[PDB]
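Q: Submitted below is the structure of interest, expressed as structure tokens.
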Amino acid sequence: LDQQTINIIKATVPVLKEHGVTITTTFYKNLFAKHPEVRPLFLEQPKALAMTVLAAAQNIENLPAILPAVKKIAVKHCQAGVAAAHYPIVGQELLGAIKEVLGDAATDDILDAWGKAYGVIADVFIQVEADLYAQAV
Amino acid sequence: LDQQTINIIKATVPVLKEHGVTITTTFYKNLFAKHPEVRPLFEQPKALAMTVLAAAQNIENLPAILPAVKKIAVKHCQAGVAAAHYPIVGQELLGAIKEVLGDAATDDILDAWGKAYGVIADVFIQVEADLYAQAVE
Ligand code: HEM
Ligand code: HEM
Numbered sequence: 002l003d004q005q006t007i008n009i010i011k012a013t014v015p016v017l018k019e020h021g022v023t024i025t026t027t028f029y030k031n032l033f034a035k036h037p038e039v040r041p042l043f051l052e053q054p055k056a057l058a059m060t061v062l063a064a065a066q067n068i069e070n071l072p073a074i075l076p077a078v079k080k081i082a083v084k085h086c087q088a089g090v091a092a093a094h095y096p097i098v099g100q101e102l103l104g105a106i107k108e109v110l111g112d113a114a115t116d117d118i119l120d121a122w123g124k125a126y127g128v129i130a131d132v133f134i135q136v137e138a139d140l141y142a143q144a145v
Numbered sequence: 002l003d004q005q006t007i008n009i010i011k012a013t014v015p016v017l018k019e020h021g022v023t024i025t026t027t028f029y030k031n032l033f034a035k036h037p038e039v040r041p042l043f052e053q054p055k056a057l058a059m060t061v062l063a064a065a066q067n068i069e070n071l072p073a074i075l076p077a078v079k080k081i082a083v084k085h086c087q088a089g090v091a092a093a094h095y096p097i098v099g100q101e102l103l104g105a106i107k108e109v110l111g112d113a114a115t116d117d118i119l120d121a122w123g124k125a126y127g128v129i130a131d132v133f134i135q136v137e138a139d140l141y142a143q144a145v146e
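Here the protein sequences come in this chain order: A and B.
Those letters in the first sequence? Residues 2 to 43, 51 to 145, per UniProt numbering, in order.
Those letters in the second sequence? Residues 2 to 43, 52 to 146, per UniProt numbering, in order.
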């Protein structure tokens, strides 16, 4: 991530957190409708993905600070059969959710910044899980 | 880390690696001579500088070396390594890189390495802080 990029995430994350419920519900609704293939891996409905990414983004400059949580989420992901190739589809639906919510405020840069941020955050998950999948055998 | 910093790091690590033995021995030499107080914490230690260079080659995807970072963090926490020790190691590491760069040790290049050591040290410092916390519950 560049500095400017970090800067956009820092300025905008609090507006995303304010509309958290909408982002979360829109994300999951779009995820399951558009990518029916991942439904099987998941009142008990999942709700923490989007806010967890925002929490990561709030600390975009110190991602190691969320390792203790990432480590635990990873155990659950490896247990469910989450693959590296799933990450782009989740990112796509998260970004679409962010876009709908930002509405008019949805500038390109803003979107592109979020696209990058998600990338870096997803990378941490992907590595930690790759490493646990390898540790399993 | 701006891109120019990253470019300097990627271009120069190979020179530093070729000069490994020198950087390593000058680093430990000056570390213990200038900072006798850390001596007790440590058939001699040898891995530090080469490990930072390795982290630097990976500076763009630090998560990839977490499994090493993690295991090193345990040793550091077992040894009583503190966040305030990082700047002193950084100072002696840069002294060594400066010596080996000789004529190529431009200001710009040293500043880049300074920056890079900073980012890498920040990762270890956070991991170890989480491990120190984890020891008390
Ligand atoms: C950076 C991106 C992601 C984040 C931040 C994330 C976050 C989370 C969180 C917080 C949990 C619940 C852990 C708990 O409290 O038990 C979870 C579980 C789960 N995630 Fe993710 N997720 C990410 C990407 C994905 C991907 C790409 C998929 C692939 C479909 C996925 C599938 C699941 C599944 C199947 C569960 C388990 C539900 C359960 O039984 O708890 N996640 N995720
Ligand atoms: C980013 C900076 C650092 C890196 C990459 C690093 C790397 C390492 C490595 C690779 C080991 C050996 C682990 C093994 O094979 O068991 C080690 C051990 C240790 N490091 Fe560091 N270290 C760093 C900073 C520091 C600092 C700031 C201090 C404090 C003076 C320090 C003190 C030690 C000590 C006392 C040990 C244990 C001696 C031993 O290995 O038996 N390190 N470190």
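Just so it is clear, CB atoms sit at the ideal spot from N, CA and C, and this is done for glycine as well.
For the putative contact between residue 136 of chain A and residue 72 of chain B, defined by C-beta atoms under 8 Å, what is the C-beta separation to the nearest angstrom?
A: 7 Å
Q: Does the distance from the CB of residue 62 of chain A to the CB of residue 90 of chain A come in under 8 Å?
A: Not closer than 8 Å, so no.
Q: Should residue 27 of chain B be labelled buried (16 or more other beta-carbon atoms within 10 Å of its own) or exposed?
A: buried
Q: Please classify residue 77 of chain B: is it buried, with 16 or more other beta-carbons within 10 angstroms of its beta-carbon, or exposed?
A: exposed
Q: Starting from residue 28 of chain A and walking both ways along the alpha helix (DSSP H), at which residues does that stretch end?
A: 21 to 35
Q: Measure the C-alpha to C-alpha separation of residue 75 of chain A and residue 69 of chain A and round it to an integer number of angstroms.
A: 13 Å
Q: Confirm the yes/no value for this check: CB of residue 128 of chain B, any heavy atom of ligand 2, distance under 7 Å.
A: no
Q: Tell me whether residue 26 of chain A counts as near ligand 1, meaning its Cβ is closer than 7 Å to at least one heavy atom of that ligand.
A: no
Q: Sorted by chain position, which residues of the same chain lie with C-beta nearer than 7 Å to residue 130 of chain B's C-beta, five sequence neighbours on each side aside?
A: 95 and 99
Q: Who are the near neighbours of residue 66 of chain B in its chain, counting only those whose CB is closer than 6 Å to its CB and skipping five residues on each side?
A: Annotation for residue 66 of chain B: 14 place their beta carbon closer than 6 Å to its own, counting only its chain and skipping 5 residues before and after.
Q: So is residue 38 of chain A buried or exposed if we call it buried at 16+ other beta carbons inside 10 Å?
A: Result: exposed.
Q: Out of curiosity, what's the CA-to-CA distance linking residue 118 of chain A and residue 29 of chain A?
A: 22 Å
Q: Output the boundary residues of the alpha helix (DSSP H) element that contains residue 60 of chain B.
A: 57 to 66
Q: Comparing the CB of residue 33 of chain A with every heavy atom of ligand 1, is any distance shorter than 7 Å?
A: no
Q: In chain B, which residues lie less than 7 Å from residue 132 of chain A when you measure between Cβ atoms?
A: 72
Q: Below 7 Å, is the gap between the Cβ of residue 68 of chain B and the nearest heavy atom of ligand 2?
A: no
Q: Strictly under 8 Å for the Cβ-Cβ distance: is residue 76 of chain A near chain B by that measure?
A: yes
Q: What in chain B is Cβ-close to residue 139 of chain A, meaning under 8 Å?
A: 75 and 76, listed in chain order.
Q: Mind pulling the alpha helix (DSSP H) runs of 4 or more residues that sit fully within the segment 66 to 129 of chain A?
A: 75 to 88 and 95 to 110
Q: Between residue 83 of chain A and chain B, is the shortest Cβ-Cβ distance under 8 Å, so that the two count as touching?
A: no
Q: Quick check on DSSP: helix, strand or coil for residue 132 of chain A?
A: It is helical.
Q: Going by C-alpha distance, which of B:10, B:55, B:142 and B:139 is nearest residue 23 of chain B?
A: B:55
Q: Would you say residue 36 of chain A touches ligand 2, meaning its beta carbon is less than 7 Å from a heavy atom?
A: No - ligand 2 has no heavy atom lying nearer than 7 Å to the Cβ of residue 36 of chain A.
Q: Within 8 Å (strictly less), CB to CB, does residue 66 of chain A reach chain B?
A: no
Q: Within the present structure, is the beta-carbon of residue 54 of chain B separated from the nearest heavy atom of ligand 2 by less than 7 Å?
A: With a cut-off of 7 Å, the C-beta of residue 54 of chain B is classified as near ligand 2, since at least one heavy atom of the ligand falls inside that distance.
Q: Is the beta carbon of residue 88 of chain A within less than 7 Å of some heavy atom of ligand 1?
A: yes
Q: By the criterion of Cβ-Cβ separation under 8 Å, what are the contact partners of residue 136 of chain B in chain A?
A: Here the neighbours are 72 and 75.
Q: How many angstroms separate the CA atom of residue 83 of chain A from the CA atom of residue 114 of chain B?
A: 45 Å
Q: Helix, strand or coil: how does DSSP classify residue 48 of chain B here?
A: There are no coordinates for residue 48 of chain B in this structure, because the numbering of chain B runs from 43 directly to 52.
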